[PDB]
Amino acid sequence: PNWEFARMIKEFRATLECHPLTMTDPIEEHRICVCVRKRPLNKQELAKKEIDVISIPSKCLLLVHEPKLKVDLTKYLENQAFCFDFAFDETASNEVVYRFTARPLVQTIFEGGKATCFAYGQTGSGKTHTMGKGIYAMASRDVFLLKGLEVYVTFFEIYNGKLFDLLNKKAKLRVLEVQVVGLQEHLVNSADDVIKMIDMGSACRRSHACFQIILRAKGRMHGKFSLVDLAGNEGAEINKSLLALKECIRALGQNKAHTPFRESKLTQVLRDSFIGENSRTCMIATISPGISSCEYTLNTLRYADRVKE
C-alpha cells in the first residue's frame, strides 16, 4: 500500500457522479471510430494492492488520475481527461463492445466498401481477449445472419516482417507489388465453420495478428473485413509499424488518394483498406488501470486521441 494515492483517488471519485454507456444508447456510425476499453484489475493485480487509477464518468469521457511527485516529494495527482467515441469499462462485455465498434461495420462490407478493426495497446491490457467468443466470431454470425454470395476466412500473423498463416501449420508467405499469394481463404457456410477457423488459427504454439472476412459474387471481391490484434506498444521494430498505422488511418479523414507503406509490413497487405469513398475503421485502445502501469497506459491513449484528426 502506497496508500496516500489511493486516498487521493477516492476523495476525488467521492464527489463524482458518473453516467455510463448503456444498451439504451444509439449506435453511432462514423468515418473513423476511436474507442478505449479499460479492463478490470485481476486477482494477481489486486493481491498486490494495486490502486485502480482510471475512471469513466460517462460513455465517452475518460479520466486518468496519475500519481505525480514534487521536488518536495509531495505526492500529487494530475487529472487528465480524454474523449472518445465510446469509452467503456469493466462492466462492458464484448456484446457491449461489438455493438458499438464492429457491429456497424458488418453492414459496410456488404455494401461494397471495406472495413478494418484494430485493438491496440500494452501487453496484458485486453487486446487478444477483445478480438479473440471474440469480435471475430461475433461479426461472423451477424455476417451470416444477413440474407447469392459465398464467404471466405483468413487468419495470419506478422512478425519480423515475415508473414505466417496459422491455418496451415506455420506456412510462411510473401508480399508483393498489392497481393499476398498463398492467401489461405477457407469457404464457410455459417458461424459453425468460422468458429473452427479461429481457435485452430489461435491454437498455434510481440506480433500482429489479422483475421479477415471476405465476400465474392462472380468470384470477385465485394467486401473485406480485417480484424487486427496488434503487438504491445511498449527488436524495437514494432514501434515503427504502429506508428505508420496512425498515418495510414489519418489519410482516411482526408479522403486521401496517397498513403505511405514499405516501412511497414503490416500495412502492405491491409492496404486496399485505407482508400475509397467507402472505407471505415475503428480503433480500440485497451488499458491496464493498475497504477504502476500508468505510463504505458497514457502512451496508449496519447496515441489514440486526435487521431480523429
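Position 1 is the first residue in the sequence shown; the rest follow in order.
Going from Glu177 to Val178, the model skips 4 to 9 deposited residues, which lack coordinates.
According to the record, 10 or more deposited residues between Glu234 and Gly235 are left without atomic coordinates.
A summary of the deposited B-factors shows that, of 164-172 and 121-129, the stretch with the larger mean C-alpha value is 164-172. The deposited model assigns a higher average Cα B-factor to 190-198 than to the other stretch when 73-81 and 190-198 are compared. Note on the listed residues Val228, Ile158, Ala217, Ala92: the highest Cα temperature factor in the record is that of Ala217. Out of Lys240, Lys246, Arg280, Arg39, the entry records its largest CA B-factor for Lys240. Annotation for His258: CA B-factor lies in the highest third of the chain's modelled residues.
The entry lists a Cα temperature factor for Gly113 that places it in the highest third of the chain's modelled residues. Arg141 sits in the highest third of its chain by CA B factor, as recorded in the PDB entry.
Sort the chain's modelled residues by C-alpha temperature factor and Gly134 lands in the middle third, per the entry. Among all modelled residues in its chain, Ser55 ranks in the lowest third by Cα B-factor.
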